[PDB]
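Undergrad: This is the structure I want to talk about, given as structure tokens.
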Amino acid sequence: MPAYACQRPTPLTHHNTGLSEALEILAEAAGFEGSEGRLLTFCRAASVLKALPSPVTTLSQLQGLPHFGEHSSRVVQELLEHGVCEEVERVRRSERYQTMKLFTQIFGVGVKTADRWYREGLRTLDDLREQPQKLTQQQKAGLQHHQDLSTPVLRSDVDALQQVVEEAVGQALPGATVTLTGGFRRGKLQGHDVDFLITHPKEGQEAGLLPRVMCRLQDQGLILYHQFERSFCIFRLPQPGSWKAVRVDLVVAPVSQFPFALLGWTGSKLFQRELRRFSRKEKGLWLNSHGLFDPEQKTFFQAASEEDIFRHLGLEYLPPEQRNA
DNA sequence: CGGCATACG
DNA sequence: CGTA
DNA sequence: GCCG
Ligand SMILES: [Mn+2]
Ligand SMILES: [Mn+2]
Ligand SMILES: [Mn+2]
Ligand SMILES: [Mn+2]
Ligand SMILES: [Mn+2]
Ligand code: NA
């Protein structure tokens with residue numbers, strides 16, 4: 001089992017769901033305390049279990065697995081022996097974890113803001129609503145729409161949204177294309193948001209496109225919130241006899257960059273961090289959602305496909321549905 | 001021990 | 001600071 | 001927290 005998540009297929013569903021979910025609780029809690037290193041290790045350990053071909057039944061089976069040391073192994077051993085890990089359960093019911101999770105899931109609130117509010121004695125959403133001047137426009141939108149934004153987006157919602165975005169994109173720039181990315185491209189049946197990548201086959205024609213798209217969506221009454229090449233919006237999505245707010249991310253890239261943007265925006269987040277880590281540390285190349293740079297020759301790799309990028313990096317190709325690290 | 005991904009709004 |  |  002290789003040490004980087006981008007070196008192994010990781011399917012959306014797998015054979016160690018309970019074990020991986022426990023480790024991901026500890027990863028999330030490490031993040032809430034600002035320990036990005038411990039977050040990464042717990043995330044990586046969880047992802048290793050997602051990539052295994054069958055269930056872990058005995059501690060023996062962790063021998064040799066990357067990212068399993070004394071701590072993550074003890075977590076698994078307790079789950080295998082008692083069905084519960086005392087540390088995980090202690091985190092789950094802690095006031096700190098519950099409140100940081102509630103606050104950080106608000107659009108516009110990150111760990112640093114949530115932590116400051118926590119230290120001020122704040123604990124509930126109504127606590128935040130009671131002092132609106134302590135809030136950005138983005139946070140006000142996140143809190144007004146919080147209930148809708150907490151309900152999963154379904155694949156049925158996605159196709160309706162894509163037709164709407166395509167209509168606005170086609171008026172903004174005939175010939176421009178809209179590609180579904182994010183978790184839905186990896187096969188997820190639900191999501192917290194919808195992600196779209198927009199390009200045009202003639203290099204340079206995409207310049208200035210996103211403002212034109214947003215104006216047209218706004219004129220159609222579809223934009224509940226917006227604040228360039230990336231737009232983080234809240235869309236008004238029709239529902240039987242009403243509607244609901246949905247988070248939508250719109251991204252524009254020139255066709256030269258489109259494979260890199262597609263790769264980055266398709267995720268998963270851990271897969272992309274691992275891919276960039278692998279690129280730099282094992283291949284000496286610098287990867288982002290714009291391109292792949294050789295800092296010794298000071299040149300950018302040209303890619304026409306995701307397949308090109310995996311080949312450049314010496315990695316076997318993984319389709320999106322196997323990037324669920 | 002140092003490193004831990006890398007951008008834009 | 002937020003966002004992906 | 002783990003790896004090299
Ligand atoms: Mn420990
Ligand atoms: Mn998404
Ligand atoms: Mn998104
Ligand atoms: Mn750019
Ligand atoms: Mn150290
Ligand atoms: Na947030």
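Naming works like this for the structure tokens: A, B, ... for the chains as they're shown, residue 1 at the start of each chain, ligands 1 onward in shown order.
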Name the residues, by chain letter and number, that sit within 8 Å of ligand 6 using only C-alpha atoms (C1' of nucleotides) and all ligand atoms, and give them as an NGL selection string.
TA: :A and (103-111)
Undergrad: Generate the output file for the selected residues, N, CA, C and O atoms, as a PDB file, in the first residue's frame.
TA:
ATOM      1  N   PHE A 103     -20.344  26.277  14.300  1.00  0.00           N
ATOM      2  CA  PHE A 103     -19.946  27.587  13.791  1.00  0.00           C
ATOM      3  C   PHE A 103     -19.177  27.480  12.468  1.00  0.00           C
ATOM      4  O   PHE A 103     -19.415  28.272  11.539  1.00  0.00           O
ATOM      5  N   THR A 104     -18.246  26.521  12.349  1.00  0.00           N
ATOM      6  CA  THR A 104     -17.425  26.488  11.135  1.00  0.00           C
ATOM      7  C   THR A 104     -18.209  26.038   9.902  1.00  0.00           C
ATOM      8  O   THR A 104     -17.784  26.316   8.769  1.00  0.00           O
ATOM      9  N   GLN A 105     -19.327  25.345  10.091  1.00  0.00           N
ATOM     10  CA  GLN A 105     -20.151  24.953   8.962  1.00  0.00           C
ATOM     11  C   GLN A 105     -20.948  26.116   8.391  1.00  0.00           C
ATOM     12  O   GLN A 105     -21.489  25.985   7.281  1.00  0.00           O
ATOM     13  N   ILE A 106     -20.979  27.258   9.087  1.00  0.00           N
ATOM     14  CA  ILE A 106     -21.605  28.448   8.537  1.00  0.00           C
ATOM     15  C   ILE A 106     -20.725  28.988   7.414  1.00  0.00           C
ATOM     16  O   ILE A 106     -19.524  29.208   7.606  1.00  0.00           O
ATOM     17  N   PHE A 107     -21.339  29.267   6.261  1.00  0.00           N
ATOM     18  CA  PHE A 107     -20.653  29.925   5.154  1.00  0.00           C
ATOM     19  C   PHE A 107     -20.202  31.315   5.593  1.00  0.00           C
ATOM     20  O   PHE A 107     -21.015  32.138   6.024  1.00  0.00           O
ATOM     21  N   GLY A 108     -18.889  31.560   5.526  1.00  0.00           N
ATOM     22  CA  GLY A 108     -18.337  32.824   5.952  1.00  0.00           C
ATOM     23  C   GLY A 108     -17.610  32.756   7.279  1.00  0.00           C
ATOM     24  O   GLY A 108     -16.995  33.748   7.681  1.00  0.00           O
ATOM     25  N   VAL A 109     -17.658  31.606   7.955  1.00  0.00           N
ATOM     26  CA  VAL A 109     -17.037  31.422   9.253  1.00  0.00           C
ATOM     27  C   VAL A 109     -16.008  30.314   9.134  1.00  0.00           C
ATOM     28  O   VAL A 109     -16.354  29.190   8.778  1.00  0.00           O
ATOM     29  N   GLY A 110     -14.752  30.613   9.468  1.00  0.00           N
ATOM     30  CA  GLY A 110     -13.723  29.602   9.535  1.00  0.00           C
ATOM     31  C   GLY A 110     -13.320  29.292  10.968  1.00  0.00           C
ATOM     32  O   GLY A 110     -13.911  29.767  11.927  1.00  0.00           O
ATOM     33  N   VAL A 111     -12.303  28.429  11.091  1.00  0.00           N
ATOM     34  CA  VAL A 111     -11.854  28.014  12.411  1.00  0.00           C
ATOM     35  C   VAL A 111     -11.492  29.223  13.261  1.00  0.00           C
ATOM     36  O   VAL A 111     -11.843  29.302  14.447  1.00  0.00           O
TER      37      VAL A 111
END
Undergrad: Residues of chain A that have any atom at most 9 Å from an atom of ligand 2: could you tabulate them with the shortest-distance atom pair and the distance in Å to one decimal, using only C-alpha atoms and all ligand atoms, ordered by chain and increasing number, as JSON lines?
TA:
{"residue": "A:181", "atom": "CA", "partner": "ligand 2", "partner_atom_place_in_ligand_line": "1 (Mn)", "distance": 7.5}
{"residue": "A:182", "atom": "CA", "partner": "ligand 2", "partner_atom_place_in_ligand_line": "1 (Mn)", "distance": 4.5}
{"residue": "A:183", "atom": "CA", "partner": "ligand 2", "partner_atom_place_in_ligand_line": "1 (Mn)", "distance": 5.3}
{"residue": "A:184", "atom": "CA", "partner": "ligand 2", "partner_atom_place_in_ligand_line": "1 (Mn)", "distance": 7.3}
{"residue": "A:191", "atom": "CA", "partner": "ligand 2", "partner_atom_place_in_ligand_line": "1 (Mn)", "distance": 6.3}
{"residue": "A:192", "atom": "CA", "partner": "ligand 2", "partner_atom_place_in_ligand_line": "1 (Mn)", "distance": 6.2}
{"residue": "A:193", "atom": "CA", "partner": "ligand 2", "partner_atom_place_in_ligand_line": "1 (Mn)", "distance": 4.7}
{"residue": "A:194", "atom": "CA", "partner": "ligand 2", "partner_atom_place_in_ligand_line": "1 (Mn)", "distance": 5.1}
{"residue": "A:195", "atom": "CA", "partner": "ligand 2", "partner_atom_place_in_ligand_line": "1 (Mn)", "distance": 5.2}
{"residue": "A:196", "atom": "CA", "partner": "ligand 2", "partner_atom_place_in_ligand_line": "1 (Mn)", "distance": 9.0}
{"residue": "A:247", "atom": "CA", "partner": "ligand 2", "partner_atom_place_in_ligand_line": "1 (Mn)", "distance": 8.7}
{"residue": "A:248", "atom": "CA", "partner": "ligand 2", "partner_atom_place_in_ligand_line": "1 (Mn)", "distance": 8.0}
{"residue": "A:249", "atom": "CA", "partner": "ligand 2", "partner_atom_place_in_ligand_line": "1 (Mn)", "distance": 7.7}
{"residue": "A:265", "atom": "CA", "partner": "ligand 2", "partner_atom_place_in_ligand_line": "1 (Mn)", "distance": 8.2}
{"residue": "A:266", "atom": "CA", "partner": "ligand 2", "partner_atom_place_in_ligand_line": "1 (Mn)", "distance": 8.2}
{"residue": "A:267", "atom": "CA", "partner": "ligand 2", "partner_atom_place_in_ligand_line": "1 (Mn)", "distance": 8.7}
Undergrad: Can you write just those residues out, N, CA, C and O atoms, as a PDB file, in the first residue's frame?
TA:
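Result file is selection38.pdb:
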ATOM      1  N   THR A 181     -18.109  19.613 -11.700  1.00  0.00           N
ATOM      2  CA  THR A 181     -16.909  19.146 -11.005  1.00  0.00           C
ATOM      3  C   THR A 181     -17.280  18.885  -9.549  1.00  0.00           C
ATOM      4  O   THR A 181     -18.421  18.574  -9.212  1.00  0.00           O
ATOM      5  N   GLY A 182     -16.297  18.894  -8.669  1.00  0.00           N
ATOM      6  CA  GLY A 182     -16.527  18.554  -7.294  1.00  0.00           C
ATOM      7  C   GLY A 182     -16.984  17.128  -7.044  1.00  0.00           C
ATOM      8  O   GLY A 182     -16.783  16.198  -7.850  1.00  0.00           O
ATOM      9  N   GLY A 183     -17.629  16.958  -5.893  1.00  0.00           N
ATOM     10  CA  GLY A 183     -17.975  15.613  -5.443  1.00  0.00           C
ATOM     11  C   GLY A 183     -18.944  14.894  -6.350  1.00  0.00           C
ATOM     12  O   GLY A 183     -18.856  13.670  -6.508  1.00  0.00           O
ATOM     13  N   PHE A 184     -19.854  15.630  -7.003  1.00  0.00           N
ATOM     14  CA  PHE A 184     -20.748  14.971  -7.942  1.00  0.00           C
ATOM     15  C   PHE A 184     -19.999  14.348  -9.109  1.00  0.00           C
ATOM     16  O   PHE A 184     -20.393  13.274  -9.589  1.00  0.00           O
ATOM     17  N   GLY A 191     -24.536  16.249  -1.980  1.00  0.00           N
ATOM     18  CA  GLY A 191     -23.432  17.169  -1.766  1.00  0.00           C
ATOM     19  C   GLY A 191     -23.884  18.348  -0.946  1.00  0.00           C
ATOM     20  O   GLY A 191     -25.080  18.569  -0.781  1.00  0.00           O
ATOM     21  N   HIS A 192     -22.903  19.080  -0.408  1.00  0.00           N
ATOM     22  CA  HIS A 192     -23.162  20.318   0.316  1.00  0.00           C
ATOM     23  C   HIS A 192     -23.293  21.491  -0.633  1.00  0.00           C
ATOM     24  O   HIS A 192     -23.796  22.541  -0.226  1.00  0.00           O
ATOM     25  N   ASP A 193     -22.789  21.353  -1.864  1.00  0.00           N
ATOM     26  CA  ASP A 193     -22.806  22.436  -2.841  1.00  0.00           C
ATOM     27  C   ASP A 193     -22.714  21.789  -4.225  1.00  0.00           C
ATOM     28  O   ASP A 193     -22.570  20.566  -4.369  1.00  0.00           O
ATOM     29  N   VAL A 194     -22.801  22.613  -5.243  1.00  0.00           N
ATOM     30  CA  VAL A 194     -22.542  22.199  -6.612  1.00  0.00           C
ATOM     31  C   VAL A 194     -21.412  23.056  -7.156  1.00  0.00           C
ATOM     32  O   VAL A 194     -21.397  24.283  -6.960  1.00  0.00           O
ATOM     33  N   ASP A 195     -20.502  22.414  -7.900  1.00  0.00           N
ATOM     34  CA  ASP A 195     -19.313  23.063  -8.448  1.00  0.00           C
ATOM     35  C   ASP A 195     -19.321  22.982  -9.970  1.00  0.00           C
ATOM     36  O   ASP A 195     -19.466  21.890 -10.530  1.00  0.00           O
ATOM     37  N   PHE A 196     -19.097  24.114 -10.646  1.00  0.00           N
ATOM     38  CA  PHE A 196     -19.069  24.128 -12.101  1.00  0.00           C
ATOM     39  C   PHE A 196     -17.805  24.819 -12.590  1.00  0.00           C
ATOM     40  O   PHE A 196     -17.376  25.821 -12.017  1.00  0.00           O
ATOM     41  N   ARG A 247     -25.768  26.299  -2.249  1.00  0.00           N
ATOM     42  CA  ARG A 247     -24.443  26.830  -2.536  1.00  0.00           C
ATOM     43  C   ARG A 247     -23.962  26.337  -3.906  1.00  0.00           C
ATOM     44  O   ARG A 247     -24.022  25.143  -4.206  1.00  0.00           O
ATOM     45  N   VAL A 248     -23.504  27.271  -4.738  1.00  0.00           N
ATOM     46  CA  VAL A 248     -22.964  26.972  -6.060  1.00  0.00           C
ATOM     47  C   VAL A 248     -21.637  27.709  -6.222  1.00  0.00           C
ATOM     48  O   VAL A 248     -21.538  28.910  -5.929  1.00  0.00           O
ATOM     49  N   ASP A 249     -20.619  26.994  -6.692  1.00  0.00           N
ATOM     50  CA  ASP A 249     -19.330  27.590  -6.999  1.00  0.00           C
ATOM     51  C   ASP A 249     -19.147  27.600  -8.504  1.00  0.00           C
ATOM     52  O   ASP A 249     -19.316  26.571  -9.159  1.00  0.00           O
ATOM     53  N   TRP A 265     -10.480  21.041  -9.007  1.00  0.00           N
ATOM     54  CA  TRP A 265     -11.846  21.210  -8.531  1.00  0.00           C
ATOM     55  C   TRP A 265     -12.608  19.896  -8.411  1.00  0.00           C
ATOM     56  O   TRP A 265     -13.647  19.870  -7.751  1.00  0.00           O
ATOM     57  N   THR A 266     -12.104  18.794  -8.971  1.00  0.00           N
ATOM     58  CA  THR A 266     -12.788  17.511  -8.822  1.00  0.00           C
ATOM     59  C   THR A 266     -12.435  16.842  -7.497  1.00  0.00           C
ATOM     60  O   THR A 266     -13.230  16.047  -7.001  1.00  0.00           O
ATOM     61  N   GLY A 267     -11.279  17.155  -6.925  1.00  0.00           N
ATOM     62  CA  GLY A 267     -10.994  16.670  -5.561  1.00  0.00           C
ATOM     63  C   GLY A 267     -10.636  15.183  -5.583  1.00  0.00           C
ATOM     64  O   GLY A 267     -10.165  14.635  -6.587  1.00  0.00           O
TER      65      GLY A 267
END
Undergrad: As a ChimeraX atom specification, please: all residues of stretch 74-165 of chain A that backbone DSSP puts in helix (DSSP H, G or I).
TA: /A:74-82,86-92,95-104,111-119,125-129,132-134,137-144,146-149,155-165
Undergrad: Select residues of chain A: the criterion is any atom within 7 Å of an atom of chain B, counting only C-alpha atoms (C1' of nucleotides); output as a PyMOL selection string.
TA: chain A and resi 37+230+273+276-277+288
Undergrad: All residues within 12 Å of ligand 4 are required, counting only C-alpha atoms (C1' of nucleotides) and all ligand atoms; please report them as a PyMOL selection string.
TA: (chain A and resi 204+206-208+228-230+251-258+260-261+288-291) or (chain B and resi 7-8)
Undergrad: Show me which residues are within 9 Å of ligand 1 counting only C-alpha atoms (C1' of nucleotides) and all ligand atoms, and format the list as a list in words.
TA: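 Every residue with an atom at most 9 Å from ligand 1 is listed here: residues 69, 70, 71, 72 and 74 of chain A; 1 of chain D.
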Undergrad: Quick one, how far is atom CA of residue A:64 from atom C1' of residue D:2?
TA: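 So the answer is 13.2 Å.
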Undergrad: Check stretch 78-319 of chain A with DSSP on the backbone and list each residue it calls strand (DSSP E or B), as a PyMOL selection string.
TA: chain A and resi 153-154+177-181+190-191+193-199+223-225+230-239+242-252+286-287+292-294+299-300
Undergrad: I want to know what sits within 6 Å of stretch 42-48 of chain A, based on only C-alpha atoms (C1' of nucleotides), with residues of the same chain fewer than 2 positions away left out; could you give that as a list in words?
TA: residues 20, 23, 24, 27, 39, 40, 50, 51, 67 and 325 of chain A
